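Presented below is the structure to which this report refers.
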Amino acid sequence: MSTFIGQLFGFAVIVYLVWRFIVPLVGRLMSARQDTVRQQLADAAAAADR
Amino acid sequence: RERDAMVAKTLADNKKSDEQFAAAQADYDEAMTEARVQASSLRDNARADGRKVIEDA
């Protein structure tokens with residue numbers, strides 16, 4: 001039974017490409033949102049202390 | 001909703017903080033002009049009643 005071999009191999013190559021294209025950019029976008037909201041709350045603290 | 005509340009509190013904080021900052025100098029000049037008017041009414045009441053002292057002497 002080598003169908004398992006083909007399927008697992010396909011899963012390996014597609015997760016490789018996932019780590020090549022998708023997850024870098026989506027992590028970038030979520031980290032950018034995190035950065036923006038953290039900057040907003042930091043400026044909130046700054047406004048409070050001012 | 002509370003993130004919106006946070007940003008609204010930030011804008012209102014900065015706004016009324018600048019407001020109180022300006023009101024600081026406002027009340028400062030108010031106190032000083034009150035002091036000036038008090039000081040000039042003083043010494044002028046003195047000038048007046050002193051002139052009256054000389055006119056009665």
Side-chain angles (χ1 to χ4, degrees):
Chain A
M1 194 263 306
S2 179
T3 76
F4 203 101
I5 305 309
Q7 66 172 1
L8 69 87
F9 187 77
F11 197 76
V13 302
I14 64 170
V15 301
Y16 163 79
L17 282 178
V18 158
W19 263 106
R20 177 159 187 174
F21 286 108
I22 296 91
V23 67
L25 291 175
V26 67
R28 286 208 324 115
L29 189 148
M30 68 181 182
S31 66
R33 297 191 181 278
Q34 281 181 323
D35 212 7
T36 59
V37 67
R38 169 219 42 78
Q39 186 173 355
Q40 288 165 24
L41 58 93
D43 289 334
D49 79 12
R50 182 198 189 264
Chain B
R1 179 177 288 102
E2 65 87 20
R3 258 180 185 152
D4 184 18
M6 176 271 282
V7 306
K9 192 187 69 180
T10 288
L11 69 88
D13 282 347
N14 278 351
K15 171 185 65 178
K16 183 178 179 180
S17 295
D18 187 296
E19 185 272 333
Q20 176 200 46
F21 182 77
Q25 300 86 70
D27 201 13
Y28 171 84
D29 298 347
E30 154 70 13
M32 292 187 72
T33 188
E34 185 274 334
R36 282 172 40 234
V37 172
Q38 183 82 4
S40 70
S41 66
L42 293 190
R43 183 179 64 244
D44 288 1
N45 48 1
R47 200 172 298 119
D49 55 17
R51 292 173 73 261
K52 300 293 99 175
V53 171
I54 81 165
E55 67 85 21
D56 63 52

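So you know, we letter chains A, B, ... as the sequences are listed, proteins then strands, and number each from 1. The figures here come from the full heavy-atom set of this structure, side chains too, leaving out hydrogens, waters and symmetry mates.
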Does atom CD (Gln20(B)) have a neighbourhood of more than 12 heavy atoms from anything else shown, all under 6.0 Å? no
Does one hydrophobic cluster hold both [X] and [Y], with members joined at side-chain heavy-atom distances below 4.5 Å?
X        : Y        : answer
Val13(A) : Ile5(A)  : yes
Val23(A) : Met30(A) : no
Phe9(A)  : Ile14(A) : yes

What's the shortest heavy-atom distance between [X] and [Y], and which atoms?
X        : Y        : answer
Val37(A) : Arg3(B)  : CG2-NE, 3.3 Å
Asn14(B) : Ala47(A) : OD1-CB, 3.3 Å
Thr10(B) : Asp43(A) : CG2-O, 4.3 Å

